[PDB]
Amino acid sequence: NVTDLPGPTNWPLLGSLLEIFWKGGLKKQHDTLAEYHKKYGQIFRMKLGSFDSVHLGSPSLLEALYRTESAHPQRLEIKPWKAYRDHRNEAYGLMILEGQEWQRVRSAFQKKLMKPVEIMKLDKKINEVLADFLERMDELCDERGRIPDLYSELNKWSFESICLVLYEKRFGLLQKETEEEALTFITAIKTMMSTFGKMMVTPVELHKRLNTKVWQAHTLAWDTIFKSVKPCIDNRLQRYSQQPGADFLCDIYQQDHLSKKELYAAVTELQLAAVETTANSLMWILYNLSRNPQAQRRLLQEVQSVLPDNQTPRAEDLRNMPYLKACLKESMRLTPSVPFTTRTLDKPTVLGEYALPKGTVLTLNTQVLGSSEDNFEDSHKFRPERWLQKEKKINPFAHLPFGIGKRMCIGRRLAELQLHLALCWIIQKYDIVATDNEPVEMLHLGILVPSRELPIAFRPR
């Protein structure tokens, strides 16, 4: 068939853009899609307005796509960012780069942020950050052990951290009398990150022509952002000019031939695609911990066994902490920072008892895979163990917080590194206890963030 989908009644003009609201709206989209999947099975499809797409929610369909993968996979078109690059005449980046052009840049970095021997080498820099972060932590801690604006806090950490990795400089976000251009560049990011959203459901080209107030905002946001990044990536190059092998950036710029104009673009989308996501999972892991004392116990122990005394962690030991590394796992399978990624076919393909029309929009509901009762017994349970007892099962195509395919998360490594170190110093110097036992809903706003302030307390030892 072709119209056997099935899916939710196709109600006039809107499509399912009805229930989607008469159920919570966009911020609860992941939930309702989760139900349809429960309903209409492994695969179906819906149309929000004139937007049509088919949802994939199974380990089968996932391999049944991984294998049929193309050389240049591609997700939805982020036209607004593209619009800006063309307008202002700037390069593109792995988020929007395409086909050959993409594959080129990917390879160059891809081969350096996903190679342990290299990533692990970030070792100290991260700790330097982790250091000042905790040093500031107890200061923010009141006496109940709580932090006001935790997310905001963890975001500062992840920002400051990744920029030490990218521009090789501290921005001073972790302590007063050190902000200013720190936050203008931050706002620029925050403004830009909300505005572009509006030129997606609306004709960016139309906007541009009318020079709409919104077009101008987004423009300026990015105009600024590129002005904050450029010099940072010019100092890093002028500094490791005659020192081959040293700077991973300067090495790409020279023996992978890429223009400063391309590096600027690539780095920036790296930062953008980094920070919040990172911070976001860090917070959900903490949260899950605060709700499972036993598992936090078995975790503390493993952090004392491998680190007797309050000594500083180091990339490596992680090899000796299978419960922690898998705590971060299960955490992501129960509370994913990212619910789903999207793909575009560029050749008709086979899925379900169906075959897709080529050029179709696919929404890989990588979330739902977490409750696949056939791969996860008691899906609604935080069990860092299932990922350890080597008697288990779990086909890699059931847990994919970083996306499947070769156009999957390029950060994954360095992300997990950071989410492994910080989490050591945390569970080290602090106990993580629940401030309360009342409901906390996940809300899609780019990445599942929580409905309210996280009810978790940081009591010292």
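In case it trips you up, residue 1 is the first one in the sequence shown, and so on.
Between 217 to 225 and 136 to 144, the higher mean Cα B-factor belongs to 136 to 144. Between 179 to 187 and 269 to 277, it is 179 to 187 that carries the larger average Cα temperature factor according to the deposited entry. Taking the deposited Cα B-factors for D374, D86, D234, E153, the highest one is held by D374.
Note on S60, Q418, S50, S53: the highest value goes to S60, judged by CA B factor as recorded.
Compared with the other modelled residues of the chain, the Cα B-factor recorded for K381 ranks in the middle third. Sort the modelled residues of the chain by CA B factor and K208 lands in the lowest third. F248 sits in the highest third of its chain by CA B factor, as recorded in the PDB entry. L17: CA B factor in the highest third of modelled residues in this chain (values from the PDB entry).
In this PDB entry, the Cα temperature factor of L263 sits in the middle third of its chain's modelled residues.
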